[PDB]
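To keep things clear, I will list the structure first and then write my remarks on it.
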Amino acid sequence: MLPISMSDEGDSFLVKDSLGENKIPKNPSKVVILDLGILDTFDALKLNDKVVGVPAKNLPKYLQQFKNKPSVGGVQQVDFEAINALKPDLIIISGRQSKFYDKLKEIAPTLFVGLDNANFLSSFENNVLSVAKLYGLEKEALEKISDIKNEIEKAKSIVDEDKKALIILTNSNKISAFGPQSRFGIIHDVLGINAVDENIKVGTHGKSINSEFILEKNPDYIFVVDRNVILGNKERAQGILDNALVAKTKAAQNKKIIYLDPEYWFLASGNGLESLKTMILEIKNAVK
Ligand SMILES: [Zn+2]
Ligand SMILES: [Zn+2]
């Protein structure tokens, strides 16, 4: 994916990203943020007062300090009347709102902070550092990125050389597997946990699988992201996976069926200083 690039034009930056080009004022003071990871980065950098709208319908528990901000709807169910009312100087989006880019760009400069699943850390650092440059906080952001890299190193220290993981998303009663360079790929691509099939190629929604598959593969770890939790559905991964086939796996027998927090893994996607730190530590705690 194309990175964000920024040029100094005095009172503003000329910014190019994979969706287009924007003139963004320095120190934007009225920012509408539609990417939850970036909202967490604002919080980390003490930029809370700059934030004028958030997608309150999908506001994670870890970001409840933003519960009094004006709502602009949800990450998919965007309230354009509400956005227009706030008269933002900047709107920040990621992939779920790329379909709305032209409409948003008629409200305010609209910055895209996408994540490249083939180059996650590169994408991450670019997004954080570009936001920080708007405010003259590169030094502070670098320090926080360095700290996350140290935590990655520490986590890698305890990762097993040989054990293998399956990464699955559950939605309704469907189980979909993900691998390297896909969504949720950082468990492999960043932390180096081996995948049960390293050469698996999946689409955007993963590879539909069943419990016979899971047992055939016999993973050492099963990392689960339960989208049922986000939807408020009846079924949950714990019930889906409570069967005699899954029980026979190394993961089940070793209590290494790990239910990852979907507010971080599905909603924030690790696109923030807070979320990514937390997610690295979450994995570390699961495998150590
Ligand atoms: Zn060795
Ligand atoms: Zn590998």
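Since every read-out is calculated from the coordinates, none of them should be taken as a lab result. Don't worry about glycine lacking a Cβ; one is built from the backbone with ideal geometry, like all the others, and counts go over all protein chains shown.
Things worth noting here:
- A simple count of charges around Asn171, restricted to other residues whose Cβ falls under 13 Å of its Cβ and scoring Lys, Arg +1 and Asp, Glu -1, yields +3.
- Spin-label model, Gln238/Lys105: points 7 Å from Cα along the beta carbon direction are separated by 4.6 nm.
- Basic side chains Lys and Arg get +1 at the Cβ, acidic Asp and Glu get -1 at the Cβ, and with that the dipole of region 159-260 about its Cα centre reaches some 320 debye.
- Ordering of 207-217, 50-60 by burial proxy (mean other Cβ atoms within 10 Å per residue, highest first): 50-60, 207-217
- Take the Cα of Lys30, go 7 Å toward its beta carbon, and the backbone nitrogen atoms of region 76-114 under 19 Å from that spot belong to 79-93, 103-111.
- The C-alpha atoms of the chain define a longest principal axis, and helix 120-135 lies at about 20 degrees to it.
- Extension gain for the segment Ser157 to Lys16, taken as residue separation times 0.36 nm less the Cα-Cα distance, is 47.0 nm to one decimal.
- By DSSP, the beta bridges lying fully in region 132-265 are antiparallel in about 40 percent of cases.
- Expressed to the nearest 5 percent, the antiparallel share of DSSP beta bridges inside the chain is 45 percent.
- Principal axis box of region 159-260, alpha-carbon based, largest edge first, Å: 37, 29, 20
- Restricted to Cα atoms, the chain shows a radius of gyration and a Dmax of 19.6, 65 angstrom.
- Sorting 259-271, 125-137 by their mean Cβ neighbour count within 10 Å, with the most densely packed peptide first, gives 259-271, 125-137.
- When the pairs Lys156/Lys234; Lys201/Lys255; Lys23/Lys46; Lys16/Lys154; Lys99/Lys250 are compared against a 31 Å limit on Cα-Cα distance, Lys156/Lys234; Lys16/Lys154; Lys99/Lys250 fall above it.
- By the Stokes-Einstein formula, at 0.890 mPa s and 25 °C, region 1-64 with its Kirkwood radius over alpha-carbon pairs has D equal to 186 µm²/s.
- For region 45-177, the calculated P(r) over all alpha carbon pairs, in 5 Å bins from 0 to the bin holding the longest distance, is 2, 8, 13, 16, 19, 17, 12, 8, 4, 1, 0 percent.
- Global dimensions of region 1-121 from alpha-carbon coordinates: Rg and Dmax equal 13.6, 39 Å.
- Computed lengthening from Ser122 to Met1, 0.36 nm per intervening residue step minus Cα-Cα distance: 42.5 nm
- Counting only alpha carbon atoms, the long axis of helix 273-287 and the longest principal axis of the chain meet at about 10°.
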